[PDB]
>>> print(open('coords_11.cif').read())   # mmCIF, C-alpha atoms and all ligand atoms
data_entry
loop_
_atom_site.group_PDB
_atom_site.id
_atom_site.type_symbol
_atom_site.label_atom_id
_atom_site.label_comp_id
_atom_site.auth_asym_id
_atom_site.auth_seq_id
_atom_site.Cartn_x
_atom_site.Cartn_y
_atom_site.Cartn_z
ATOM 1 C CA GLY A 2 41.636 31.871 89.994
ATOM 2 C CA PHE A 3 40.092 34.039 87.278
ATOM 3 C CA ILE A 4 39.244 37.741 87.215
ATOM 4 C CA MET A 5 35.521 37.836 87.986
ATOM 5 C CA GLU A 6 35.593 35.490 90.999
ATOM 6 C CA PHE A 7 37.863 38.055 92.692
ATOM 7 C CA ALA A 8 36.348 41.271 91.325
ATOM 8 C CA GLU A 9 32.950 40.168 92.652
ATOM 9 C CA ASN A 10 33.887 39.920 96.315
ATOM 10 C CA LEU A 11 36.226 42.902 95.855
ATOM 11 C CA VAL A 12 33.234 45.061 94.911
ATOM 12 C CA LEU A 13 31.235 43.467 97.732
ATOM 13 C CA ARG A 14 33.914 44.504 100.246
ATOM 14 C CA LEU A 15 33.984 47.967 98.663
ATOM 15 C CA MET A 16 30.252 48.409 99.242
ATOM 16 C CA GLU A 17 29.067 49.294 102.734
ATOM 17 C CA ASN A 18 26.505 48.082 105.249
ATOM 18 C CA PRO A 19 23.052 49.434 104.325
ATOM 19 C CA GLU A 20 21.635 48.681 107.783
ATOM 20 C CA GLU A 21 24.317 50.939 109.251
ATOM 21 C CA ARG A 22 23.458 53.569 106.631
ATOM 22 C CA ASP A 23 19.733 53.470 107.440
ATOM 23 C CA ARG A 24 20.380 53.594 111.191
ATOM 24 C CA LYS A 25 22.757 56.535 110.765
ATOM 25 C CA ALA A 26 20.244 58.325 108.531
ATOM 26 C CA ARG A 27 17.350 58.019 110.982
ATOM 27 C CA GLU A 28 19.662 58.967 113.860
ATOM 28 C CA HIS A 29 21.088 62.024 112.085
ATOM 29 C CA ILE A 30 17.536 63.127 111.287
ATOM 30 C CA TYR A 31 16.515 62.734 114.945
ATOM 31 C CA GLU A 32 19.369 64.732 116.474
ATOM 32 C CA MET A 33 19.310 67.298 113.654
ATOM 33 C CA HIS A 34 15.630 68.009 114.308
ATOM 34 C CA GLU A 35 16.186 68.159 118.074
ATOM 35 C CA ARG A 36 19.073 70.600 117.586
ATOM 36 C CA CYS A 37 16.904 72.599 115.171
ATOM 37 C CA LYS A 38 14.273 72.976 117.890
ATOM 38 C CA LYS A 39 17.010 73.964 120.350
ATOM 39 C CA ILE A 40 18.330 76.700 118.039
ATOM 40 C CA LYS A 41 14.785 77.920 117.391
ATOM 41 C CA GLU A 42 14.332 78.267 121.149
ATOM 42 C CA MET A 43 17.692 80.030 121.479
ATOM 43 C CA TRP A 44 16.835 82.638 118.840
ATOM 44 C CA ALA A 45 13.745 83.557 120.897
ATOM 45 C CA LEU A 46 15.785 85.011 123.779
ATOM 46 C CA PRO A 47 15.357 88.800 124.061
ATOM 47 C CA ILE A 48 18.402 91.039 123.937
ATOM 48 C CA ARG A 49 17.650 92.355 127.427
ATOM 49 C CA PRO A 50 17.234 89.581 130.020
ATOM 50 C CA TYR A 51 14.302 89.736 132.411
ATOM 51 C CA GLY A 52 16.502 90.235 135.471
ATOM 52 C CA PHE A 53 19.183 92.592 134.085
ATOM 53 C CA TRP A 54 19.621 95.059 136.993
ATOM 54 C CA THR A 55 18.893 92.217 139.436
ATOM 55 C CA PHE A 56 22.219 90.688 138.392
ATOM 56 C CA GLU A 57 24.983 91.269 140.926
ATOM 57 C CA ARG A 58 27.362 92.630 138.283
ATOM 58 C CA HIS A 59 24.769 95.271 137.310
ATOM 59 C CA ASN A 60 24.481 96.929 140.735
ATOM 60 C CA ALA A 61 28.095 97.789 141.626
ATOM 61 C CA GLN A 62 26.876 100.490 144.031
ATOM 62 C CA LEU A 63 24.669 98.893 146.703
ATOM 63 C CA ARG A 64 27.804 97.303 148.207
ATOM 64 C CA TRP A 65 30.190 100.196 147.457
ATOM 65 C CA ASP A 66 28.330 103.215 148.841
ATOM 66 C CA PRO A 67 27.767 101.784 152.379
ATOM 67 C CA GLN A 68 31.542 101.728 152.930
ATOM 68 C CA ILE A 69 31.788 105.265 151.513
ATOM 69 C CA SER A 70 28.908 106.979 153.377
ATOM 70 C CA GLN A 71 31.338 107.597 156.253
ATOM 71 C CA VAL A 72 33.897 109.704 154.359
ATOM 72 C CA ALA A 73 33.831 113.491 154.420
ATOM 73 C CA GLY A 74 31.687 115.015 151.693
ATOM 74 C CA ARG A 75 28.899 112.421 151.821
ATOM 75 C CA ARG A 76 27.633 112.439 155.426
ATOM 76 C CA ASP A 77 24.138 113.388 156.512
ATOM 77 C CA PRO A 78 24.468 116.702 158.440
ATOM 78 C CA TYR A 79 23.131 114.923 161.539
ATOM 79 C CA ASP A 80 26.074 112.521 161.747
ATOM 80 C CA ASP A 81 29.005 114.626 162.947
ATOM 81 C CA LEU A 82 26.900 116.448 165.551
ATOM 82 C CA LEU A 83 26.062 113.445 167.757
ATOM 83 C CA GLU A 84 29.128 111.329 166.922
ATOM 84 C CA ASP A 85 31.167 113.029 169.667
ATOM 85 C CA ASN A 86 29.356 110.994 172.337
ATOM 86 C CA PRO B 2 43.303 62.360 108.936
ATOM 87 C CA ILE B 3 44.650 65.906 109.174
ATOM 88 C CA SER B 4 45.729 66.518 112.769
ATOM 89 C CA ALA B 5 45.747 70.349 112.749
ATOM 90 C CA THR B 6 49.512 70.187 112.100
ATOM 91 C CA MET B 7 49.456 68.903 108.518
ATOM 92 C CA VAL B 8 47.329 72.002 107.847
ATOM 93 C CA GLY B 9 49.070 74.528 110.099
ATOM 94 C CA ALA B 10 52.542 73.699 108.795
ATOM 95 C CA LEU B 11 51.269 73.763 105.212
ATOM 96 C CA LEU B 12 49.676 77.181 105.759
ATOM 97 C CA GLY B 13 52.898 78.447 107.332
ATOM 98 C CA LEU B 14 54.980 77.271 104.383
ATOM 99 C CA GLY B 15 52.390 78.680 101.992
ATOM 100 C CA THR B 16 52.381 82.109 103.613
ATOM 101 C CA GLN B 17 56.186 82.142 103.744
ATOM 102 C CA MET B 18 56.440 81.441 100.011
ATOM 103 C CA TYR B 19 53.534 83.844 99.420
ATOM 104 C CA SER B 20 55.322 86.725 101.141
ATOM 105 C CA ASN B 21 58.510 85.624 99.379
ATOM 106 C CA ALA B 22 56.855 85.881 95.954
ATOM 107 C CA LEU B 23 55.284 89.302 96.604
ATOM 108 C CA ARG B 24 58.801 90.766 96.783
ATOM 109 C CA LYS B 25 59.620 89.175 93.392
ATOM 110 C CA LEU B 26 62.049 86.736 94.998
ATOM 111 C CA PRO B 27 62.738 83.044 94.364
ATOM 112 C CA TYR B 28 60.237 80.971 96.303
ATOM 113 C CA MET B 29 62.837 79.187 98.450
ATOM 114 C CA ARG B 30 65.039 82.206 99.111
ATOM 115 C CA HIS B 31 65.525 81.474 102.830
ATOM 116 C CA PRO B 32 64.464 77.927 103.800
ATOM 117 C CA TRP B 33 65.385 78.526 107.454
ATOM 118 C CA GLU B 34 62.473 80.928 107.800
ATOM 119 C CA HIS B 35 60.461 78.414 105.769
ATOM 120 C CA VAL B 36 61.003 75.921 108.602
ATOM 121 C CA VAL B 37 60.268 78.711 111.087
ATOM 122 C CA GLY B 38 56.996 79.395 109.280
ATOM 123 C CA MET B 39 56.079 75.708 109.294
ATOM 124 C CA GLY B 40 56.620 75.542 113.047
ATOM 125 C CA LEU B 41 54.750 78.795 113.651
ATOM 126 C CA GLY B 42 51.799 77.624 111.567
ATOM 127 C CA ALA B 43 51.614 74.301 113.397
ATOM 128 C CA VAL B 44 51.767 76.030 116.789
ATOM 129 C CA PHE B 45 49.152 78.612 115.795
ATOM 130 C CA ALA B 46 46.771 75.962 114.451
ATOM 131 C CA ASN B 47 47.075 73.868 117.618
ATOM 132 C CA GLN B 48 46.479 76.955 119.761
ATOM 133 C CA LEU B 49 43.479 77.869 117.604
ATOM 134 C CA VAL B 50 41.929 74.421 118.075
ATOM 135 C CA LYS B 51 42.476 74.457 121.843
ATOM 136 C CA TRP B 52 41.106 77.996 122.120
ATOM 137 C CA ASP B 53 38.096 76.960 120.032
ATOM 138 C CA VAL B 54 37.354 74.097 122.434
ATOM 139 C CA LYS B 55 37.686 76.339 125.501
ATOM 140 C CA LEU B 56 35.626 79.059 123.829
ATOM 141 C CA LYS B 57 32.836 76.656 122.864
ATOM 142 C CA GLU B 58 32.553 75.254 126.387
ATOM 143 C CA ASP B 59 32.506 78.759 127.891
ATOM 144 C CA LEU B 60 29.854 79.791 125.357
ATOM 145 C CA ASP B 61 27.758 76.763 126.315
ATOM 146 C CA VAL B 62 28.000 77.817 129.963
ATOM 147 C CA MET B 63 26.955 81.371 129.046
ATOM 148 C CA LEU B 64 23.955 80.140 127.040
ATOM 149 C CA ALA B 65 22.905 77.871 129.909
ATOM 150 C CA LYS B 66 23.077 80.807 132.327
ATOM 151 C CA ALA B 67 21.137 83.084 129.968
ATOM 152 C CA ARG B 68 18.437 80.460 129.402
ATOM 153 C CA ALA B 69 18.103 79.876 133.148
ATOM 154 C CA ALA B 70 17.796 83.624 133.751
ATOM 155 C CA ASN B 71 15.201 84.046 130.994
ATOM 156 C CA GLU B 72 13.170 81.083 132.271
ATOM 157 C CA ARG B 73 12.627 82.845 135.616
ATOM 158 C CA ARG B 74 9.998 85.206 134.163
ATOM 159 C CA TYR B 75 7.498 82.376 133.655
ATOM 160 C CA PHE B 76 8.103 80.869 137.105
HETATM 161 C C1 LIG A 101 41.729 78.425 108.267
HETATM 162 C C2 LIG A 101 41.578 77.393 107.112
HETATM 163 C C3 LIG A 101 41.027 76.047 107.678
HETATM 164 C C4 LIG A 101 41.175 74.932 106.608
HETATM 165 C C5 LIG A 101 41.134 73.548 107.298
HETATM 166 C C6 LIG A 101 39.697 72.962 107.208
HETATM 167 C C7 LIG A 101 39.755 71.400 107.406
HETATM 168 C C8 LIG A 101 38.863 70.994 108.673
HETATM 169 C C9 LIG A 101 39.798 70.438 109.823
HETATM 170 C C10 LIG A 101 40.123 71.635 110.818
HETATM 171 C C11 LIG A 101 40.588 71.115 112.233
HETATM 172 C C12 LIG A 101 41.792 72.052 112.735
HETATM 173 C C13 LIG A 101 41.546 73.542 112.332
HETATM 174 C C14 LIG A 101 42.777 74.057 111.452
HETATM 175 C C15 LIG A 101 42.581 75.557 111.110
HETATM 176 C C16 LIG A 101 43.781 76.038 110.238
HETATM 177 C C17 LIG A 101 44.726 76.913 111.106
HETATM 178 C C18 LIG A 101 44.367 78.431 110.932
HETATM 179 C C19 LIG A 101 45.620 79.292 111.292
HETATM 180 C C20 LIG A 101 46.871 78.726 110.542
HETATM 181 C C21 LIG A 101 48.149 79.128 111.300
HETATM 182 C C22 LIG A 101 39.332 71.226 113.267
HETATM 183 O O1 LIG A 101 38.311 70.221 112.904
HETATM 184 C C23 LIG A 101 37.704 69.641 113.949
HETATM 185 O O2 LIG A 101 38.058 70.383 115.245
HETATM 186 C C24 LIG A 101 37.162 70.012 116.379
HETATM 187 C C25 LIG A 101 37.626 70.723 117.629
HETATM 188 O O3 LIG A 101 36.884 70.261 118.728
HETATM 189 C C26 LIG A 101 35.751 70.385 116.104
HETATM 190 O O4 LIG A 101 34.850 69.258 116.541
HETATM 191 C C27 LIG A 101 33.847 69.784 117.326
HETATM 192 O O5 LIG A 101 34.459 70.478 118.491
HETATM 193 C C28 LIG A 101 33.510 70.728 119.599
HETATM 194 C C29 LIG A 101 33.691 72.153 120.077
HETATM 195 O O6 LIG A 101 33.760 72.167 121.475
HETATM 196 C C30 LIG A 101 32.057 70.524 119.199
HETATM 197 O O7 LIG A 101 31.230 70.703 120.362
HETATM 198 C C31 LIG A 101 31.805 69.168 118.635
HETATM 199 O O8 LIG A 101 30.572 69.214 117.863
HETATM 200 C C32 LIG A 101 32.896 68.677 117.753
HETATM 201 O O9 LIG A 101 33.646 67.663 118.459
HETATM 202 C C33 LIG A 101 35.504 70.673 114.696
HETATM 203 O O10 LIG A 101 36.021 72.014 114.400
HETATM 204 C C34 LIG A 101 36.165 69.695 113.766
HETATM 205 O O11 LIG A 101 35.631 68.406 114.009
HETATM 206 C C35 LIG A 101 41.097 69.571 112.154
HETATM 207 O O12 LIG A 101 40.841 68.865 113.414
HETATM 208 C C36 LIG A 101 41.876 68.980 114.373
HETATM 209 O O13 LIG A 101 41.306 69.399 115.670
HETATM 210 C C37 LIG A 101 41.168 68.350 116.738
HETATM 211 C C38 LIG A 101 39.908 67.554 116.510
HETATM 212 O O14 LIG A 101 40.003 66.312 117.152
HETATM 213 C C39 LIG A 101 42.367 67.422 116.866
HETATM 214 O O15 LIG A 101 43.091 67.744 118.122
HETATM 215 C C40 LIG A 101 42.342 67.412 119.221
HETATM 216 O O16 LIG A 101 42.852 68.164 120.399
HETATM 217 C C41 LIG A 101 42.103 67.874 121.647
HETATM 218 C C42 LIG A 101 41.092 68.974 121.878
HETATM 219 O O17 LIG A 101 41.551 69.829 122.908
HETATM 220 C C43 LIG A 101 41.376 66.533 121.609
HETATM 221 O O18 LIG A 101 41.193 66.063 122.954
HETATM 222 C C44 LIG A 101 42.139 65.505 120.846
HETATM 223 O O19 LIG A 101 41.372 64.265 120.841
HETATM 224 C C45 LIG A 101 42.412 65.903 119.438
HETATM 225 O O20 LIG A 101 43.731 65.443 119.080
HETATM 226 C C46 LIG A 101 43.339 67.538 115.768
HETATM 227 O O21 LIG A 101 44.158 66.340 115.746
HETATM 228 C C47 LIG A 101 42.696 67.710 114.420
HETATM 229 O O22 LIG A 101 41.855 66.580 114.135
HETATM 230 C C1 LIG A 102 44.962 83.389 109.464
HETATM 231 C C2 LIG A 102 45.117 81.994 108.863
HETATM 232 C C3 LIG A 102 45.998 82.064 107.617
HETATM 233 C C4 LIG A 102 47.338 82.705 107.971
HETATM 234 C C5 LIG A 102 48.249 81.658 108.606
HETATM 235 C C6 LIG A 102 49.511 82.332 109.138
HETATM 236 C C7 LIG A 102 50.532 81.262 109.516
HETATM 237 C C8 LIG A 102 51.297 81.699 110.763
HETATM 238 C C9 LIG A 102 52.265 82.823 110.399
HETATM 239 C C10 LIG A 102 53.457 82.241 109.645
HETATM 240 C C11 LIG A 102 54.487 83.337 109.387
HETATM 241 C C12 LIG A 102 55.757 82.708 108.826
HETATM 242 C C13 LIG A 102 56.743 83.796 108.410
HETATM 243 C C14 LIG A 102 58.147 83.203 108.352
HETATM 244 C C15 LIG A 102 59.007 83.808 109.458
HETATM 245 C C16 LIG A 102 59.600 85.128 108.972
HETATM 246 C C17 LIG A 102 60.213 85.874 110.154
HETATM 247 C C18 LIG A 102 61.102 87.000 109.636
HETATM 248 C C19 LIG A 102 61.146 88.127 110.663
HETATM 249 C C20 LIG A 102 62.196 89.152 110.238
HETATM 250 O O1 LIG A 102 62.913 88.905 109.329
HETATM 251 O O2 LIG A 102 62.321 90.362 110.935
HETATM 252 C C21 LIG A 102 62.032 91.544 110.229
HETATM 253 C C22 LIG A 102 60.845 91.355 109.283
HETATM 254 O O3 LIG A 102 59.730 92.017 109.806
HETATM 255 C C23 LIG A 102 58.744 91.162 110.309
HETATM 256 O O4 LIG A 102 58.556 90.110 109.801
HETATM 257 C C24 LIG A 102 57.906 91.587 111.513
HETATM 258 C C25 LIG A 102 56.620 92.257 111.036
HETATM 259 C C26 LIG A 102 55.549 91.195 110.800
HETATM 260 C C27 LIG A 102 54.171 91.851 110.838
HETATM 261 C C28 LIG A 102 53.225 90.999 111.682
HETATM 262 C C29 LIG A 102 52.203 91.899 112.372
HETATM 263 C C30 LIG A 102 51.542 91.131 113.515
HETATM 264 C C31 LIG A 102 50.585 92.052 114.266
HETATM 265 C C32 LIG A 102 49.271 92.172 113.495
HETATM 266 C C33 LIG A 102 48.686 90.784 113.246
HETATM 267 C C34 LIG A 102 47.510 90.899 112.280
HETATM 268 C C35 LIG A 102 46.336 91.569 112.987
HETATM 269 C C36 LIG A 102 45.153 91.670 112.027
HETATM 270 C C37 LIG A 102 43.901 92.081 112.799
HETATM 271 C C38 LIG A 102 63.266 92.010 109.452
HETATM 272 O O5 LIG A 102 62.989 92.065 108.081
HETATM 273 P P1 LIG A 102 64.244 91.921 107.023
HETATM 274 O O6 LIG A 102 65.440 91.355 107.745
HETATM 275 O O7 LIG A 102 63.852 90.988 105.904
HETATM 276 O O8 LIG A 102 64.624 93.397 106.401
HETATM 277 C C39 LIG A 102 64.005 94.533 106.934
HETATM 278 C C40 LIG A 102 62.671 94.783 106.238
HETATM 279 N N1 LIG A 102 61.913 95.757 107.003
#
>>> encode(input="coords_11.cif", output="structure tokens", more="lines below")
Ligand SMILES: CCCCCCCCCCC(CCCCCCCCCC)(CO[C@H]1O[C@@H](CO)[C@H](O[C@@H]2O[C@@H](CO)[C@H](O)[C@@H](O)[C@@H]2O)[C@@H](O)[C@@H]1O)CO[C@H]1O[C@@H](CO)[C@H](O[C@@H]2O[C@@H](CO)[C@H](O)[C@@H](O)[C@@H]2O)[C@@H](O)[C@H]1O
Ligand SMILES: CCCCCCCCCCCCCCCCCCCC(=O)O[C@H](COC(=O)CCCCCCCCCCCCCC)COP(=O)(O)OCCN
Amino acid sequence: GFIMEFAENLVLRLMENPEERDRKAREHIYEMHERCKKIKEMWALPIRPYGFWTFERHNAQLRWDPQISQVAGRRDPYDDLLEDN
Amino acid sequence: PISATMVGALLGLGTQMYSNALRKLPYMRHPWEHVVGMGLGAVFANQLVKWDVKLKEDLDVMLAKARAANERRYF
């Protein structure tokens, strides 16, 4: 053929779907705003959590001392006296 | 698209020639260590990507746990 009859549909192939572009734009806005709200919530967390000491890793002694309160140097004076019988 | 190896190998070759130039040497003085640097860069980039994925998922778990713990004050 001639030049323009091919350059026309060439440019038309080069250009994209606008419906896809609009859908992607509204989508991206939706999830970006949702993620923005999520990050805003995340930044509100205090440095020290409400539980803190309640956490099992932050006790480390309520389940260690009971198995140590029997060794010498930690016993209540009234433990060795009546342990004989 | 770049597959974390076309960038890791390029960075390895770049840092090999970069260290080679800082000693005032010809850029391709020792191509065997150039190949070694390419391989090392590719391996390091792949490891970095995998570690990033693992690290992100672990961070998501940590944030979920922290949010659940913080929510308990209201309820
Ligand atoms: C220092 C200068 C950096 C200049 C480069 C900038 C150019 C940007 C491209 C950087 C680049 C490599 C980084 C190279 C760093 C250089 C090395 C530094 C040391 C040199 C010695 C990361 O780029 C992508 O990496 C993705 C990793 O997940 C991340 O996506 C986010 O992740 C989630 C997180 O959990 C987020 O939640 C989520 O929102 C996103 O999905 C993003 O970081 C980004 O999309 C290129 O992508 C590469 O990574 C992956 C992605 O597919 C590919 O391999 C994958 O492996 C499996 C996963 O195990 C997959 O199963 C597999 O399918 C896949 O094959 C590679 O083939 C390649 O594509
Ligand atoms: C970060 C993203 C961007 C960077 C990407 C990096 C890419 C990955 C790295 C690629 C490196 C490629 C290098 C090519 C391989 C060269 C190997 C040559 C090794 C070698 O010849 O052995 C000795 C050289 O010393 C040595 O080479 C060993 C000393 C090397 C020092 C490394 C220190 C690592 C520990 C600290 C890491 C940094 C921590 C920072 C917090 C002998 O040398 P000779 O025979 O020439 O003569 C004696 C001179 N003494």
>>> resolve_selection(input="coords_11.cif", expression="the PyMOL selection byres ((chain B) within 7 of (chain A and not hetatm))", output="PyMOL selection string")
chain B and resi 70-71+74
>>> write_last_selection(input="coords_11.cif", atoms="C-alpha atoms", output="CSV table (one decimal), in the coordinates of the input")
chain,number,residue,atom,x,y,z
B,70,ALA,CA,17.8,83.6,133.8
B,71,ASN,CA,15.2,84.0,131.0
B,74,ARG,CA,10.0,85.2,134.2
>>> closest_residue(input="coords_11.cif", among="B:64, B:56, B:23, B:11", to="ligand LIG 102 (chain A)", atoms="all atoms listed in the file")
B:11
>>> axis_aligned_box(input="coords_11.cif", around="ligand LIG 101 (chain A)", padding_each_side="3 Å", output="AutoDock Vina command-line options")
--center_x 39.4 --center_y 71.8 --center_z 114.8 --size_x 23.6 --size_y 21.0 --size_z 22.3
>>> residues_near_ligand(input="coords_11.cif", ligand="ligand LIG 101 (chain A)", cutoff="9 Å", atoms="only C-alpha atoms and all ligand atoms", output="JSON list (two decimals) with C-alpha atoms, keeping the file's coordinate frame")
[["chain", "number", "residue", "atom", "x", "y", "z"],
["B", 2, "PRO", "CA", 43.30, 62.36, 108.94],
["B", 3, "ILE", "CA", 44.65, 65.91, 109.17],
["B", 4, "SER", "CA", 45.73, 66.52, 112.77],
["B", 5, "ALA", "CA", 45.75, 70.35, 112.75],
["B", 6, "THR", "CA", 49.51, 70.19, 112.10],
["B", 7, "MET", "CA", 49.46, 68.90, 108.52],
["B", 8, "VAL", "CA", 47.33, 72.00, 107.85],
["B", 9, "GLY", "CA", 49.07, 74.53, 110.10],
["B", 10, "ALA", "CA", 52.54, 73.70, 108.80],
["B", 11, "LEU", "CA", 51.27, 73.76, 105.21],
["B", 12, "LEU", "CA", 49.68, 77.18, 105.76],
["B", 13, "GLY", "CA", 52.90, 78.45, 107.33],
["B", 39, "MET", "CA", 56.08, 75.71, 109.29],
["B", 41, "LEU", "CA", 54.75, 78.80, 113.65],
["B", 42, "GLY", "CA", 51.80, 77.62, 111.57],
["B", 43, "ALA", "CA", 51.61, 74.30, 113.40],
["B", 44, "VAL", "CA", 51.77, 76.03, 116.79],
["B", 45, "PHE", "CA", 49.15, 78.61, 115.80],
["B", 46, "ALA", "CA", 46.77, 75.96, 114.45],
["B", 47, "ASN", "CA", 47.08, 73.87, 117.62],
["B", 48, "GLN", "CA", 46.48, 76.96, 119.76],
["B", 49, "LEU", "CA", 43.48, 77.87, 117.60],
["B", 50, "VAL", "CA", 41.93, 74.42, 118.08],
["B", 51, "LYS", "CA", 42.48, 74.46, 121.84],
["B", 52, "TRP", "CA", 41.11, 78.00, 122.12],
["B", 53, "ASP", "CA", 38.10, 76.96, 120.03],
["B", 54, "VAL", "CA", 37.35, 74.10, 122.43],
["B", 55, "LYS", "CA", 37.69, 76.34, 125.50],
["B", 56, "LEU", "CA", 35.63, 79.06, 123.83],
["B", 57, "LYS", "CA", 32.84, 76.66, 122.86],
["B", 58, "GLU", "CA", 32.55, 75.25, 126.39],
["B", 61, "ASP", "CA", 27.76, 76.76, 126.32]]
>>> closest_residue(input="coords_11.cif", among="B:14, B:60, B:29, B:67", to="ligand LIG 102 (chain A)", atoms="only C-alpha atoms and all ligand atoms")
B:14
>>> closest_residue(input="coords_11.cif", among="B:26, B:63, B:37, B:18", to="ligand LIG 102 (chain A)", atoms="all atoms listed in the file")
B:37
>>> closest_residue(input="coords_11.cif", among="B:68, B:25, B:59, B:32", to="residue 44 in chain A", atoms="only C-alpha atoms")
B:68
>>> atom_distance(input="coords_11.cif", atom1="CA of residue 76 in chain B", atom2="CA of residue 55 in chain A")
15.8 Å
>>> atom_distance(input="coords_11.cif", atom1="atom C32 of ligand LIG 102 (chain A)", atom2="CA of residue 33 in chain B")
22.0 Å
>>> residues_near_point(input="coords_11.cif", point="(57.1, 84.3, 102.0)", cutoff="9 Å", atoms="only C-alpha atoms", output="JSON list (two decimals) with C-alpha atoms, in the coordinates of the input")
[["chain", "number", "residue", "atom", "x", "y", "z"],
["B", 13, "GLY", "CA", 52.90, 78.45, 107.33],
["B", 14, "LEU", "CA", 54.98, 77.27, 104.38],
["B", 15, "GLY", "CA", 52.39, 78.68, 101.99],
["B", 16, "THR", "CA", 52.38, 82.11, 103.61],
["B", 17, "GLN", "CA", 56.19, 82.14, 103.74],
["B", 18, "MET", "CA", 56.44, 81.44, 100.01],
["B", 19, "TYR", "CA", 53.53, 83.84, 99.42],
["B", 20, "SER", "CA", 55.32, 86.72, 101.14],
["B", 21, "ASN", "CA", 58.51, 85.62, 99.38],
["B", 22, "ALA", "CA", 56.86, 85.88, 95.95],
["B", 23, "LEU", "CA", 55.28, 89.30, 96.60],
["B", 24, "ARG", "CA", 58.80, 90.77, 96.78],
["B", 26, "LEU", "CA", 62.05, 86.74, 95.00],
["B", 28, "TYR", "CA", 60.24, 80.97, 96.30],
["B", 29, "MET", "CA", 62.84, 79.19, 98.45],
["B", 30, "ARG", "CA", 65.04, 82.21, 99.11],
["B", 31, "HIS", "CA", 65.53, 81.47, 102.83],
["B", 34, "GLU", "CA", 62.47, 80.93, 107.80],
["B", 35, "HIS", "CA", 60.46, 78.41, 105.77],
["B", 38, "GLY", "CA", 57.00, 79.40, 109.28]]
>>> atom_distance(input="coords_11.cif", atom1="CA of residue 61 in chain A", atom2="CA of residue 84 in chain A")
28.7 Å
>>> decode(input="coords_11.cif", residues="range 61-72 of chain A", atoms="N, CA, C and O atoms", output="PDB file, in the first residue's frame")
ATOM      1  N   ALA A  61      10.589 -14.708  82.521  1.00  0.00           N
ATOM      2  CA  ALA A  61      11.899 -15.351  82.566  1.00  0.00           C
ATOM      3  C   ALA A  61      12.324 -15.768  83.970  1.00  0.00           C
ATOM      4  O   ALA A  61      13.426 -16.293  84.155  1.00  0.00           O
ATOM      5  N   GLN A  62      11.467 -15.542  84.963  1.00  0.00           N
ATOM      6  CA  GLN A  62      11.801 -15.833  86.351  1.00  0.00           C
ATOM      7  C   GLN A  62      10.689 -16.526  87.119  1.00  0.00           C
ATOM      8  O   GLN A  62      10.983 -17.193  88.119  1.00  0.00           O
ATOM      9  N   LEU A  63       9.432 -16.404  86.693  1.00  0.00           N
ATOM     10  CA  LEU A  63       8.350 -17.104  87.370  1.00  0.00           C
ATOM     11  C   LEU A  63       8.398 -18.605  87.126  1.00  0.00           C
ATOM     12  O   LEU A  63       7.817 -19.364  87.906  1.00  0.00           O
ATOM     13  N   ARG A  64       9.068 -19.048  86.063  1.00  0.00           N
ATOM     14  CA  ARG A  64       9.224 -20.467  85.776  1.00  0.00           C
ATOM     15  C   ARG A  64      10.669 -20.933  85.898  1.00  0.00           C
ATOM     16  O   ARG A  64      10.972 -22.078  85.546  1.00  0.00           O
ATOM     17  N   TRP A  65      11.562 -20.080  86.390  1.00  0.00           N
ATOM     18  CA  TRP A  65      12.936 -20.459  86.692  1.00  0.00           C
ATOM     19  C   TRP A  65      13.202 -20.580  88.182  1.00  0.00           C
ATOM     20  O   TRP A  65      13.844 -21.538  88.615  1.00  0.00           O
ATOM     21  N   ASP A  66      12.714 -19.627  88.973  1.00  0.00           N
ATOM     22  CA  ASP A  66      12.892 -19.696  90.421  1.00  0.00           C
ATOM     23  C   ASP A  66      12.262 -20.926  91.069  1.00  0.00           C
ATOM     24  O   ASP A  66      12.902 -21.503  91.966  1.00  0.00           O
ATOM     25  N   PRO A  67      11.045 -21.364  90.712  1.00  0.00           N
ATOM     26  CA  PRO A  67      10.464 -22.527  91.407  1.00  0.00           C
ATOM     27  C   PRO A  67      11.341 -23.765  91.379  1.00  0.00           C
ATOM     28  O   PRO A  67      11.331 -24.537  92.345  1.00  0.00           O
ATOM     29  N   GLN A  68      12.100 -23.982  90.309  1.00  0.00           N
ATOM     30  CA  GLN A  68      13.029 -25.100  90.239  1.00  0.00           C
ATOM     31  C   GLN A  68      14.381 -24.775  90.860  1.00  0.00           C
ATOM     32  O   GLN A  68      15.280 -25.620  90.837  1.00  0.00           O
ATOM     33  N   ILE A  69      14.541 -23.575  91.408  1.00  0.00           N
ATOM     34  CA  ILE A  69      15.766 -23.194  92.097  1.00  0.00           C
ATOM     35  C   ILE A  69      15.556 -23.025  93.599  1.00  0.00           C
ATOM     36  O   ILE A  69      16.531 -23.125  94.360  1.00  0.00           O
ATOM     37  N   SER A  70      14.318 -22.844  94.058  1.00  0.00           N
ATOM     38  CA  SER A  70      14.043 -22.577  95.466  1.00  0.00           C
ATOM     39  C   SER A  70      14.329 -23.781  96.357  1.00  0.00           C
ATOM     40  O   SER A  70      14.071 -23.737  97.563  1.00  0.00           O
ATOM     41  N   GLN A  71      14.855 -24.858  95.779  1.00  0.00           N
ATOM     42  CA  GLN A  71      15.247 -26.033  96.544  1.00  0.00           C
ATOM     43  C   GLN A  71      16.750 -26.133  96.766  1.00  0.00           C
ATOM     44  O   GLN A  71      17.182 -26.935  97.600  1.00  0.00           O
ATOM     45  N   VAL A  72      17.554 -25.345  96.050  1.00  0.00           N
ATOM     46  CA  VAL A  72      19.001 -25.434  96.192  1.00  0.00           C
ATOM     47  C   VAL A  72      19.444 -24.702  97.454  1.00  0.00           C
ATOM     48  O   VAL A  72      18.748 -23.831  97.982  1.00  0.00           O
TER      49      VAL A  72
END
